[PDB]
Amino acid sequence: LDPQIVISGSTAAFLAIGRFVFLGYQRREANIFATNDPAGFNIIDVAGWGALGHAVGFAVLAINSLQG
Amino acid sequence: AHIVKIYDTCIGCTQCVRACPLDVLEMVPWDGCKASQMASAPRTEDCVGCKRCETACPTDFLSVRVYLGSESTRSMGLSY
Amino acid sequence: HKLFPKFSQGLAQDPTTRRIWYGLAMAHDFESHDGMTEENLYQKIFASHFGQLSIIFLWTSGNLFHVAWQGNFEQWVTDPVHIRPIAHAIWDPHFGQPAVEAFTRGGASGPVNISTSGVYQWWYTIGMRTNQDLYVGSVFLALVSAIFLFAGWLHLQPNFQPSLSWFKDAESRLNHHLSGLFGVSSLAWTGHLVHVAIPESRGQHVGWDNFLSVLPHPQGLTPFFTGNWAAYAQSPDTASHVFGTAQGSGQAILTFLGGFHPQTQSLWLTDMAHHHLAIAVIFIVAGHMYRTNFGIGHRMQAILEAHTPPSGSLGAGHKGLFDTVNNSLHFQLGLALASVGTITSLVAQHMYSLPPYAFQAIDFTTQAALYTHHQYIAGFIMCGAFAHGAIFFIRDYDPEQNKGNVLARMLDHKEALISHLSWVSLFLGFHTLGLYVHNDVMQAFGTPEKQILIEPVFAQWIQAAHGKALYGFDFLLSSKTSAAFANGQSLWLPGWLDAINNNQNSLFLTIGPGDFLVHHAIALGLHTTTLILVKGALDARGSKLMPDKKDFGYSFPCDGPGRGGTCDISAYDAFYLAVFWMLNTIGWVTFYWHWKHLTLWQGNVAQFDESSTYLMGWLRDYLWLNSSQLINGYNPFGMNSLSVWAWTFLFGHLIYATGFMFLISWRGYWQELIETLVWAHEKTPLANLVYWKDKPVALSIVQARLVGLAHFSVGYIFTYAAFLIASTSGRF
Amino acid sequence: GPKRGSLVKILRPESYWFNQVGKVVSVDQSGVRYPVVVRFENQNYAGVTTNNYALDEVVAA
Amino acid sequence: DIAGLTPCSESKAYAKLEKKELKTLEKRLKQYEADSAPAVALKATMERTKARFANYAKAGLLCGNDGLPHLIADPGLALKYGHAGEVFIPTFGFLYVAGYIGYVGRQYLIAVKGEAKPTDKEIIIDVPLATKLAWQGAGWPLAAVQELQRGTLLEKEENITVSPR
Amino acid sequence: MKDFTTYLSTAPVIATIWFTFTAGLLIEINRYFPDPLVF
Amino acid sequence: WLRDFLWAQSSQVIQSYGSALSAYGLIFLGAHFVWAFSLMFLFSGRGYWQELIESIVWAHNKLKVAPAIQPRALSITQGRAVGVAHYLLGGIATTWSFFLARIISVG
Amino acid sequence: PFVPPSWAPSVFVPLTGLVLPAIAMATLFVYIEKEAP
Ligand code: CLA
Ligand code: CLA
Ligand code: CLA
Ligand code: CLA
Ligand code: CLA
Ligand SMILES: CC1=C(/C=C/C(C)=C/C=C/C(C)=C/C=C/C=C(C)/C=C/C=C(C)/C=C/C2=C(C)CCCC2(C)C)C(C)(C)CCC1
Ligand SMILES: CC1=C(/C=C/C(C)=C/C=C/C(C)=C/C=C/C=C(C)/C=C/C=C(C)/C=C/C2=C(C)CCCC2(C)C)C(C)(C)CCC1
Ligand SMILES: CC1=C(C/C=C(\C)CCC[C@H](C)CCC[C@H](C)CCCC(C)C)C(=O)c2ccccc2C1=O
């Protein structure tokens with residue numbers, strides 16, 4: 001199998017989907033300290049969305065490894 | 001010593017006073033009821049907490065209340 | 001006046017013997033001490049929880065030490081079917097030589113006790129093989145107990161006292177506990193299983209010597225970081241595997257097979273490994289939910305303010321409940337005790353039917369002891385949950401900070417609650433008692449064919465839904481053409497089906513009309529105990545007989561003989577009355593459990609099926625019949641090893657009976673008797689030179705209820721434990 | 001306040017006859033705090049059938 | 001059949017229990033005279049025993065592994081397999097007579113509250129009014145659902161409650 | 001005679017008569033219809 | 001006493017079913033029941049029962065079936081009296097059934 | 001080197017059965033009855 005492609009693609013997909021379409025909703029519901037990203041997408045946002053990306057990627061890899 | 005309180009619903013029927021087996025309560029002048037009499041508890045150090053006063057009171061709810069507090073030799077009714 | 005107790009000067013100025021008992025009974029009620037503030041309250045609670053931790057680890061280290069020095073653990077592991085586990089040796093100088101001969105059972109030097117606590121199966125399953133491992137564990141846990149005792153001393157010191165803001169920080173505590181204390185501990189236990197406990201069952205020693213040189217899997221961490229996780233499930237243990245050796249062994253460390261190991265009749269170690277790994281990942285994910293000092297996370301008060309439905313069916317919803325859970329400790333203790341009691345019932349219900357440890361469920365006395373132990377623990381903890389809920393209503397409930405939410409609306413319809421609990425209790429009592437008395441009259445008059453035997457078709461429908469092919473419903477796991485049957489068939493169903501269609505285990509036992517009647521008696525006991533406990537929680541603020549009940553507190557004797565008489569009117573007295581029903585209900589569930597398992601273990605389940613539908617069959621075939629070898633423990637012909645359980649059986653009957661004295665006879669008789677005794681001592685010459693320092697009085701009313709319930713419960717527990725252990729160990 | 005013989009309804013929540021109906025006996029016209037004398041057909045736990053109430057504790061319903 | 005239960009007319013332990021009870025009765029019978037009163041009483045007992053076993057095997061009851069009749073309490077399963085006469089028809093018969101008793105008592109209470117001595121009618125029963133309500137209470141489910149639909153079945157919140165309601 | 005029927009109208013006398021009637025009705029039903037378990 | 005008297009001699013009462021002594025078994029169980037039933041009165045107090053009756057009275061008020069004679073919990077002394085009476089009846093009747101079944105069967 | 005010797009029950013059981021209960025009950029009885037200054 002291709003572990004690097006699945007993990008990097010899932011991480012890129014979840015980081016992009018949290019960077020662009022779920023940023024403003026997460027800011028509305030919430031209402032380290034400063035980055036120079038223009039949307040305030042700081043380190044802990046990277047950590048959360050990359051954690052979800054690695055989790056879904058390893059879930060896909062495990063379900064593929066069972067072949068089921 | 002126990003805690004005995006008198007509330008303003010008292011109608012000065014004197015029933016509580018004549019029910020205490022220890023002479024703790026007494027009637028004082030007052031202007032809040034037609035009888036111009038109110039109970040008072042100046043000697044709660046001798047009160048045992050038998051609650052005969054609460055049984056004798058006619059008002060609903062009670063105008064005399066006994067809250068069992070810290071025990072002494074007088075409040076435990078000990079003759080020894 | 002006197003010093004003791006140092007927390008209450010109202011008790012310290014008591015000239016009577018009431019001072020000693022009320023200093024003992026009020027020592028740990030810190031909220032009502034002299035000069036108690038809120039920070040001081042939380043600090044003493046934190047140190048007390050350290051003290052409980054140290055006592056728990058010292059208890060476990062003592063179990064390990066007495067097994068390692070006095071047990072037969074290195075001899076038990078070779079033949080665990082025919083060798084009895086030894087708890088601890090007996091040094092009783094009151095013995096005689098027949099007792100020393102009879103308690104020297106085998107294989108021991110002197111008199112020993114045979115353990116029923118089941119620690120040999122648990123320790124042998126998790127990898128213990130020698131006594132030296134148990135000595136190392138005992139020394140390690142004594143060291144951990146000393147560390148927790150020192151930490152309890154340490155966090156009271158003024159440079160180490162936490163602030164009030166540290167205790168009321170709910171999000172940090174749930175995040176750290178759900179992540180660390182649950183998930184990291186379950187992950188580390190998966191690490192223990194994979195690294196030690198699975199290779200010990202394969203016949204390979206893995207200790208602290210060689211665990212950094214023994215691979216748990218022949219390809220270490222390459223399937224884990226490749227994502228080829230199905231490689232760790234390849235080649236599991238064969239169905240002809242001898243536990244603790246390499247014959248019939250496998251290579252896998254994380255399977256999901258279902259059912260039981262064929263020899264030990266217990267769960268697979270790889271299944272428990274992937275169990276703890278899955279829930280470890282789930283708890284570490286769940287512990288990243290709440291908002292600490294990192295910007296992301298949920299805010300619990302915002303969650304509580306959100307969940308309020310339209311149309312006002314819950315009123316203000318969950319508004320204002322964050323300042324009633326976080327500010328109150330009795331609310332938190334009530335939630336904790338409700339959860340822990342239900343989980344303890346869950347532990348008992350899932351450990352009798354799905355036994356986890358190797359050669360458990362062939363040691364029948366261990367099964368009966370563990371089930372009965374955790375069921376009575378769960379019953380006491382549930383009564384404590386409702387008791388501290390009533391204490392919450394009396395002390396901590398602010399009605400202005402709860403104007404319109406769910407908790408005030410419970411007090412608004414409390415009469416409908418208590419009335420419908422009264423209705424289900426009366427219904428279940430009338431019809432369960434009527435069916436039992438009917439069947440007893442049919443058995444007495446010689447016609448068993450007339451007796452009302454209702455078939456439990458709903459729980460049998462559930463058993464057919466789980467895969468049991470005895471009742472012929474054939475749906476969802478019992479039919480071969482089902483979607484759930486076909487989807488689960490490759491992976492976990494072939495073990496579950498083989499284990500559920502066996503009638504030699506406790507996994508989904510065959511049920512019938514006796515099981516019907518007893519489950520409705522159990523529902524009766526639960527709904528009645530819930531009626532008394534809920535009625536004590538809700539009428540704690542006051543009733544119509546006593547509207548100002550919140551002004552007296554939680555535990556006051558009565559309000560006197562006026563207004564018709566008000567005896568047992570406090571919420572404490574409702575707890576007192578509900579402990580009897582808790583003991584009753586757990587007695588019903590343990591009589592039922594024990595007798596159905598005795599008829600399973602003997603072979604004749606037809607005896608239970610024929611005799612459990614009428615109460616004379618209970619009294620004749622479970623209590624009279626299974627107490628023959630118990631009461632023959634000692635006799636005028638000699639004694640044997642069951643004489644200690646016969647003495648404990650009579651001991652429990654005696655303590656029970658002595659508690660009846662405090663429950664029936666009340667105070668003023670005894671106070672007049674003690675006044676005559678005071679006269680008799682002060683007038684007797686040459687003994688009145690000795691004089692008491694504390695004035696003797698009788699026990700108080702609340703103290704009488706507590707002492708009577710205490711003797712009652714201790715005699716109840718000792719009587720049933722003596723009967724259960726003696727019957728199950730003597731006849732097997 | 002209310003007149004003699006009229007039916008009233010009690011709003012004192014710690015009373016036995018709260019949310020129930022009685023009959024006014026007399027209303028004292030002095031500066032007494034609880035002038036409204038109401039009899040009830042059923043007795044309380046103390047065997048009493050008469051209580052004194054204030055003006056804002058009775059509603060002629 | 002249902003839950004692996006055999007019918008009682010097919011069950012063997014049912015016939016064994018029938019034979020065992022007849023054997024006990026004839027062992028008690030064989031120590032008397034022919035035309036004596038204990039003999040007539042025991043022969044009537046044996047006749048009722050045979051009639052009872054024939055009636056239980058006739059009604060289609062389900063027996064277990066011990067030969068005793070088992071009852072089925074599920075409306076659809078019993079209506080499907082012909083077991084409606086053991087729980088379902090008895091539960092609606094009970095609800096008819098229990099609601100009869102409750103409705104007659106409720107009408108007696110509302111009839112006697114409108115007098116100058118309701119308690120005196122509660123101690124000493126008005127027998128003609130009680131018999132009138134007892135005969136009129138046969139249409140209690142119709143009158144019950146009519147009092148339900150008008151809002152006169154319930155008292156409003158003029159009930160007695162505690163200070164925290 | 002009016003007072004004797006008033007005494008017969010009292011609660012324990014009517015409870016005795018009514019439970020005698022109800023018990024006797026059940027007894028006669030269980031005599032003429034011996035041992036009903038179904039229907 | 002527990003084994004050779006009570007346990008041993010209750011054989012006759014516990015196996016009296018299906019014979020003419022079955023009534024002694026029924027009254028054995030019934031007497032045990034009544035004895036236990038007394039403990040509810042002996043161990044409790046009328047305040048709890050009065051409040052329970054308050055809730056039930058509310059339920060009856062909701063359906064217009066509250067009696068004109070007000071439901072009251074038993075008095076303290078009547079609770080004690082009911083307790084001791086059911087206690088005595090239960091125990092004595094238990095020993096009655098035991099004795100009679102025993103001595104009629106082995107006599 | 002963990003095993004306590006063979007005479008250890010004959011000393012430790014009467015110790016915590018008689019001597020430490022006696023010292024404990026005596027110290028607690030003196031602590032209960034002590035007058036406050
Ligand atoms: C989970 C932990 C937990 C904690 C931290 C607490 C804490 C508290 N409880 Mg709660 N409670 C709990 C669980 C807990 N409880 C459980 C499991 C129950 C059910 C039993 C209760 C039921 C309960 C009631 C009814 C009350 C409390 C009260 C209290 C408070 C004071 C306790 C005290 O000072 O009495 C000191 C305790 C004793 C002196 C115990 C006496 C010994 C008992 C009766 C057992 C005797 C059996 C004996 C050991 C057997 C020996 C046999 C022999 C042959 C060897 C304190 C806040 C009281 C309160 O809050 O008042 C307002 C109170 O009234 N609790
Ligand atoms: C075996 C003894 C025993 C029995 C039968 C009961 C029965 C009951 N308890 Mg009690 N209880 C007991 C022991 C017992 N308790 C003890 C030891 C205590 C500790 C003090 C308590 C404390 C207690 C509390 C705190 C509460 C109860 C409640 C109840 C009632 C529960 C509802 C129900 O099941 O109705 C079914 C009815 C029965 C099982 C009773 C039998 C009724 C018979 C069948 C009817 C009459 C038959 C016959 C015609 C009579 C002829 C007699 C002749 C002289 C005329 C029920 C009456 C609760 C309650 O009131 O709920 C509504 C409640 O809150 N009990
Ligand atoms: C007290 C709760 C209760 C429970 C646990 C059951 C249990 C059962 N019902 Mg019964 N039933 C009940 C009360 C109950 N019933 C009541 C009050 C009625 C009158 C409305 C019925 C009327 C009824 C009919 C007409 C039928 C059942 C059937 C069944 C069986 C399968 C139902 C199913 O799979 O759906 C899941 C279970 C539930 C949702 C519980 C409620 C049951 C509802 C009321 C009926 C469900 C019928 C179901 C949709 C039809 C399945 C067809 C079958 C061939 C697969 C199951 C043993 C069926 C049967 O005979 O199977 C052999 C069937 O045909 N029931
Ligand atoms: C007179 C009719 C009558 C009616 C309609 C009701 C109705 C009710 N009762 Mg009440 N009750 C009654 C009399 C009645 N009761 C009597 C006589 C007693 C014993 C003193 C009780 C004691 C009682 C308790 C302890 C409880 C109820 C409860 C209830 C409710 C649930 C149904 C139930 O479980 O009853 C069950 C029936 C009984 C427990 C006893 C009934 C006895 C007989 C059969 C009825 C009386 C017949 C009457 C004398 C006939 C006179 C008519 C004639 C003069 C013309 C329901 C509102 C329960 C509740 O509150 O749930 C919401 C509940 O827990 N009742
Ligand atoms: C904490 C749980 C625990 C329990 C219930 C027991 C129980 C027993 N021990 Mg064991 N013991 C334990 C832990 C325990 N032990 C540990 C961890 C060790 C290693 C240090 C020992 C070392 C030991 C020896 C050498 C012997 C026993 C013996 C015994 C038996 C006789 C009682 C005795 O004299 O012990 C005395 C207890 C000790 C010597 C050690 C306990 C020391 C701890 C620190 C005490 C803790 C204090 C406690 C929490 C509160 C006390 C004060 C309070 C009561 C007011 C009895 C079965 C005797 C025996 O085997 O008879 C056949 C015996 O000879 N024990
Ligand atoms: C700067 C910039 C940029 C770039 C960016 C990037 C490139 C980023 C990345 C980032 C990243 C790349 C991140 C990551 C993250 C990750 C993480 C944070 C992870 C975590 C993990 C986890 C958490 C895991 C876990 C686990 C384990 C350990 C075991 C198994 C199970 C699981 C899977 C669960 C751009 C160009 C756009 C633009 C310009 C600016
Ligand atoms: C008094 C009080 C209190 C207490 C209370 C209590 C004590 C309670 C208890 C409670 C409880 C004790 C509860 C329980 C619960 C449980 C539940 C509710 C469960 C459920 C379950 C489920 C839902 C499941 C299901 C299932 C099945 C069966 C199978 C299939 C699958 C599933 C999983 C789905 C408090 C603290 C609040 C405070 C106030 C006062
Ligand atoms: C259970 C119990 C009660 C409740 C018991 C009560 C209220 C007695 C109920 C007796 C009957 C059931 C009520 C009266 C029935 C009437 C004759 C109504 C007619 C019913 C027809 C079926 C005849 C107490 O009042 C009490 C008081 C003091 C200490 C202990 C206890 C106690 O244990």
# chains A, B, ... in the order shown; residues from 1 in each chain; ligands from 1

call {"tool": "residues_around", "arguments": {"residues": "residue 118 of chain E", "least_positions_apart": "3", "cutoff": "12 Å", "atoms": "only C-alpha atoms", "output": "VMD selection string"}}
result
(chain D and resid 41 to 42) or (chain E and resid 108 to 115 121 to 126) or (chain G and resid 66 to 70)

call {"tool": "write_last_selection", "arguments": {"atoms": "N, CA and C atoms", "output": "PDB file, in the first residue's frame"}}
result
ATOM      1  N   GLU D  41     -63.781  23.374  56.475  1.00  0.00           N
ATOM      2  CA  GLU D  41     -64.605  22.215  56.782  1.00  0.00           C
ATOM      3  C   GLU D  41     -63.787  20.994  57.171  1.00  0.00           C
ATOM      4  N   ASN D  42     -62.526  20.922  56.763  1.00  0.00           N
ATOM      5  CA  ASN D  42     -61.646  19.832  57.145  1.00  0.00           C
ATOM      6  C   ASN D  42     -60.543  20.336  58.069  1.00  0.00           C
TER       7      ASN D  42
ATOM      8  N   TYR E 108     -69.953   7.599  43.497  1.00  0.00           N
ATOM      9  CA  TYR E 108     -70.482   7.690  44.854  1.00  0.00           C
ATOM     10  C   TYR E 108     -69.854   8.848  45.618  1.00  0.00           C
ATOM     11  N   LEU E 109     -68.541   9.047  45.458  1.00  0.00           N
ATOM     12  CA  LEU E 109     -67.868  10.162  46.125  1.00  0.00           C
ATOM     13  C   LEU E 109     -68.384  11.509  45.643  1.00  0.00           C
ATOM     14  N   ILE E 110     -68.517  11.681  44.325  1.00  0.00           N
ATOM     15  CA  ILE E 110     -69.015  12.957  43.810  1.00  0.00           C
ATOM     16  C   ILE E 110     -70.493  13.146  44.156  1.00  0.00           C
ATOM     17  N   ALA E 111     -71.252  12.054  44.286  1.00  0.00           N
ATOM     18  CA  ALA E 111     -72.644  12.173  44.704  1.00  0.00           C
ATOM     19  C   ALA E 111     -72.773  12.579  46.167  1.00  0.00           C
ATOM     20  N   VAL E 112     -71.875  12.106  47.039  1.00  0.00           N
ATOM     21  CA  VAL E 112     -72.008  12.430  48.460  1.00  0.00           C
ATOM     22  C   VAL E 112     -71.246  13.679  48.883  1.00  0.00           C
ATOM     23  N   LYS E 113     -70.379  14.236  48.031  1.00  0.00           N
ATOM     24  CA  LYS E 113     -69.726  15.492  48.403  1.00  0.00           C
ATOM     25  C   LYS E 113     -70.669  16.687  48.361  1.00  0.00           C
ATOM     26  N   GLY E 114     -71.778  16.593  47.634  1.00  0.00           N
ATOM     27  CA  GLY E 114     -72.674  17.722  47.488  1.00  0.00           C
ATOM     28  C   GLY E 114     -73.757  17.797  48.544  1.00  0.00           C
ATOM     29  N   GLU E 115     -73.447  17.355  49.762  1.00  0.00           N
ATOM     30  CA  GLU E 115     -74.425  17.358  50.841  1.00  0.00           C
ATOM     31  C   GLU E 115     -73.867  18.049  52.076  1.00  0.00           C
ATOM     32  N   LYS E 121     -72.097  10.240  55.146  1.00  0.00           N
ATOM     33  CA  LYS E 121     -72.437   9.297  54.091  1.00  0.00           C
ATOM     34  C   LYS E 121     -71.284   8.366  53.753  1.00  0.00           C
ATOM     35  N   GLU E 122     -70.053   8.752  54.073  1.00  0.00           N
ATOM     36  CA  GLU E 122     -68.921   7.854  53.895  1.00  0.00           C
ATOM     37  C   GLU E 122     -68.866   6.765  54.960  1.00  0.00           C
ATOM     38  N   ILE E 123     -69.258   7.074  56.198  1.00  0.00           N
ATOM     39  CA  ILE E 123     -69.325   6.042  57.233  1.00  0.00           C
ATOM     40  C   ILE E 123     -70.560   5.160  57.057  1.00  0.00           C
ATOM     41  N   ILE E 124     -71.733   5.761  56.903  1.00  0.00           N
ATOM     42  CA  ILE E 124     -72.990   5.033  56.791  1.00  0.00           C
ATOM     43  C   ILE E 124     -73.444   5.151  55.347  1.00  0.00           C
ATOM     44  N   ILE E 125     -73.523   4.012  54.665  1.00  0.00           N
ATOM     45  CA  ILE E 125     -73.658   4.008  53.217  1.00  0.00           C
ATOM     46  C   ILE E 125     -75.102   4.285  52.832  1.00  0.00           C
ATOM     47  N   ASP E 126     -75.293   5.217  51.908  1.00  0.00           N
ATOM     48  CA  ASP E 126     -76.587   5.411  51.263  1.00  0.00           C
ATOM     49  C   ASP E 126     -76.795   4.258  50.292  1.00  0.00           C
TER      50      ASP E 126
ATOM     51  N   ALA G  66     -60.784  12.043  46.081  1.00  0.00           N
ATOM     52  CA  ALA G  66     -60.301  12.210  47.445  1.00  0.00           C
ATOM     53  C   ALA G  66     -61.460  12.048  48.422  1.00  0.00           C
ATOM     54  N   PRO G  67     -61.330  11.183  49.427  1.00  0.00           N
ATOM     55  CA  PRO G  67     -62.439  10.945  50.355  1.00  0.00           C
ATOM     56  C   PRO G  67     -62.680  12.119  51.286  1.00  0.00           C
ATOM     57  N   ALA G  68     -63.927  12.226  51.744  1.00  0.00           N
ATOM     58  CA  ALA G  68     -64.277  13.276  52.691  1.00  0.00           C
ATOM     59  C   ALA G  68     -63.677  13.009  54.067  1.00  0.00           C
ATOM     60  N   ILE G  69     -63.459  11.743  54.404  1.00  0.00           N
ATOM     61  CA  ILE G  69     -62.767  11.359  55.630  1.00  0.00           C
ATOM     62  C   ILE G  69     -61.273  11.292  55.318  1.00  0.00           C
ATOM     63  N   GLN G  70     -60.510  12.243  55.859  1.00  0.00           N
ATOM     64  CA  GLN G  70     -59.110  12.456  55.471  1.00  0.00           C
ATOM     65  C   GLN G  70     -58.164  11.316  55.816  1.00  0.00           C
TER      66      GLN G  70
END

call {"tool": "interface_residues", "arguments": {"of": "chain C", "to": "chain A", "cutoff": "6 Å", "atoms": "only C-alpha atoms", "output": "ChimeraX atom specification"}}
result
/C:226-230

call {"tool": "atom_distance", "arguments": {"atom1": "atom CA of residue 35 of chain C", "atom2": "atom CA of residue 47 of chain B"}}
result
26.4 Å

call {"tool": "residues_around", "arguments": {"residues": "residue 15 of chain B", "least_positions_apart": "4", "cutoff": "7 Å", "atoms": "only C-alpha atoms", "output": "ChimeraX atom specification"}}
result
/B:19,56-57

call {"tool": "residues_around", "arguments": {"residues": "residue 60 of chain D", "least_positions_apart": "2", "cutoff": "9 Å", "atoms": "only C-alpha atoms", "output": "VMD selection string"}}
result
chain D and resid 2 6 to 9 58

call {"tool": "residues_near_ligand", "arguments": {"ligand": "ligand 7", "cutoff": "7 Å", "atoms": "only C-alpha atoms and all ligand atoms", "output": "MDAnalysis selection string"}}
result
chainID C and resid 331:332 334:335 338:339 342 382 385:387 389:390 392:393 534 537

call {"tool": "write_last_selection", "arguments": {"atoms": "N, CA, C and O atoms", "output": "short mmCIF file (atom, residue, chain, number, x, y, z; two decimals), in the first residue's frame"}}
result
data_model
loop_
_atom_site.label_atom_id
_atom_site.label_comp_id
_atom_site.auth_asym_id
_atom_site.auth_seq_id
_atom_site.Cartn_x
_atom_site.Cartn_y
_atom_site.Cartn_z
N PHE C 331 -23.95 17.33 45.14
CA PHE C 331 -24.45 17.02 43.81
C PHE C 331 -23.43 16.18 43.05
O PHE C 331 -23.79 15.19 42.38
N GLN C 332 -22.15 16.55 43.15
CA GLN C 332 -21.08 15.83 42.47
C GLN C 332 -20.90 14.43 43.05
O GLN C 332 -20.69 13.47 42.31
N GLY C 334 -23.29 12.74 44.54
CA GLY C 334 -24.46 11.98 44.12
C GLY C 334 -24.35 11.45 42.70
O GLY C 334 -24.68 10.29 42.44
N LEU C 335 -23.85 12.29 41.78
CA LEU C 335 -23.60 11.85 40.41
C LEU C 335 -22.54 10.75 40.36
O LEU C 335 -22.71 9.74 39.66
N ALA C 338 -24.01 7.49 41.88
CA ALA C 338 -24.95 6.88 40.94
C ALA C 338 -24.23 6.15 39.82
O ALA C 338 -24.53 4.98 39.52
N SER C 339 -23.21 6.81 39.24
CA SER C 339 -22.44 6.21 38.17
C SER C 339 -21.66 4.98 38.64
O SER C 339 -21.72 3.93 38.01
N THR C 342 -23.96 1.96 39.42
CA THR C 342 -24.45 1.30 38.22
C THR C 342 -23.33 0.55 37.50
O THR C 342 -23.52 -0.56 37.00
N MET C 382 -25.56 2.85 45.62
CA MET C 382 -26.74 3.51 45.06
C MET C 382 -27.58 4.18 46.15
O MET C 382 -28.10 5.30 45.94
N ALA C 385 -25.87 7.35 46.87
CA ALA C 385 -26.13 8.33 45.83
C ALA C 385 -27.40 9.11 46.11
O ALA C 385 -27.42 10.35 46.07
N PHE C 386 -28.48 8.39 46.42
CA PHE C 386 -29.73 9.09 46.72
C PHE C 386 -29.68 9.85 48.05
O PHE C 386 -30.31 10.91 48.18
N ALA C 387 -28.91 9.34 49.02
CA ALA C 387 -28.75 10.04 50.29
C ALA C 387 -28.05 11.38 50.11
O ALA C 387 -28.53 12.42 50.58
N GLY C 389 -27.88 13.00 47.36
CA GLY C 389 -28.78 13.87 46.62
C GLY C 389 -29.78 14.61 47.50
O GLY C 389 -30.07 15.80 47.28
N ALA C 390 -30.32 13.92 48.50
CA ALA C 390 -31.17 14.60 49.49
C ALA C 390 -30.38 15.64 50.28
O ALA C 390 -30.90 16.71 50.61
N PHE C 392 -27.85 17.29 49.10
CA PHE C 392 -27.77 18.40 48.15
C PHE C 392 -28.99 19.30 48.22
O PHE C 392 -28.86 20.53 48.25
N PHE C 393 -30.19 18.70 48.18
CA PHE C 393 -31.42 19.50 48.24
C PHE C 393 -31.52 20.30 49.53
O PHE C 393 -31.97 21.45 49.53
N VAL C 534 -36.28 8.40 46.34
CA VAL C 534 -36.74 9.59 45.63
C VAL C 534 -37.67 10.41 46.51
O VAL C 534 -37.59 11.64 46.54
N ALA C 537 -35.52 12.26 48.84
CA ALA C 537 -34.82 13.37 48.20
C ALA C 537 -35.75 14.55 47.95
O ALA C 537 -35.34 15.71 48.11
#

call {"tool": "interface_residues", "arguments": {"of": "chain C", "to": "chain G", "cutoff": "6 Å", "atoms": "only C-alpha atoms", "output": "list in words"}}
result
residues 415, 419, 444, 445, 446, 566, 567, 568, 569, 663 and 664 of chain C

call {"tool": "interface_residues", "arguments": {"of": "chain D", "to": "chain E", "cutoff": "9 Å", "atoms": "only C-alpha atoms", "output": "ChimeraX atom specification"}}
result
/D:12-20

call {"tool": "closest_atom_pairs", "arguments": {"of": "chain F", "to": "ligand 4", "cutoff": "12 Å", "atoms": "only C-alpha atoms and all ligand atoms", "output": "Markdown table"}}
result
| residue | atom | partner | partner_atom_place_in_ligand_line | distance |
| --- | --- | --- | --- | --- |
| F:9 | CA | ligand 4 | 54 (C) | 10.5 |
| F:10 | CA | ligand 4 | 54 (C) | 10.7 |
| F:11 | CA | ligand 4 | 54 (C) | 9.0 |
| F:12 | CA | ligand 4 | 49 (C) | 11.3 |
| F:14 | CA | ligand 4 | 54 (C) | 9.4 |
| F:15 | CA | ligand 4 | 49 (C) | 8.9 |
| F:18 | CA | ligand 4 | 53 (C) | 10.4 |
| F:19 | CA | ligand 4 | 44 (C) | 11.4 |

call {"tool": "residues_around", "arguments": {"residues": "residue 32 of chain D", "least_positions_apart": "4", "cutoff": "8 Å", "atoms": "only C-alpha atoms", "output": "PyMOL selection string"}}
result
(chain B and resi 31-34) or (chain D and resi 28)

call {"tool": "decode", "arguments": {"residues": "segment 43-47 of chain D", "atoms": "C-alpha atoms", "output": "short mmCIF file (atom, residue, chain, number, x, y, z; two decimals), in the first residue's frame"}}
result
data_model
loop_
_atom_site.label_atom_id
_atom_site.label_comp_id
_atom_site.auth_asym_id
_atom_site.auth_seq_id
_atom_site.Cartn_x
_atom_site.Cartn_y
_atom_site.Cartn_z
CA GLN D 43 -59.12 19.84 59.97
CA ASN D 44 -55.33 19.93 59.79
CA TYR D 45 -52.91 17.49 61.40
CA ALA D 46 -53.34 19.33 64.72
CA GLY D 47 -57.14 19.00 64.62
#
